[PDB]
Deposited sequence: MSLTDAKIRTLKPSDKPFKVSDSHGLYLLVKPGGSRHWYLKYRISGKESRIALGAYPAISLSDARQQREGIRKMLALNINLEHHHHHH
């Protein structure tokens, strides 16, 4: 999983930079760097935006994912 060093040390086309547990940083050509969270609700796949980076830190994105997991843990 990511450190904040690995993120600034990146570089194309849209690509996903994975942390863990479905959380990733989306990098688009322009410089658009936005956190997202892959999840399923009773089988269906979606994603939720956790804000823009570096405004939203990695540890910020992680804690957002944590709160969301607790919500999804029911049920």
Quiz item: Could you give the ranges of the deposited sequence that carry no C-alpha coordinates?
Solution: 1, 13-14, 79-88
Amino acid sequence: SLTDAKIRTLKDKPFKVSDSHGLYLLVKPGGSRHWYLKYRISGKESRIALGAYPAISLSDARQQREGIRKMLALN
From here on, numbers count along this sequence of modelled residues.
Quiz item: For the C-alpha atoms alone, is the average B factor greater in 62-70 or in 16-24, going by the entry?
Solution: 16-24
Quiz item: Sorting the chain's CA B-factors, does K38 end up in the lowest, middle or highest third?
Solution: lowest
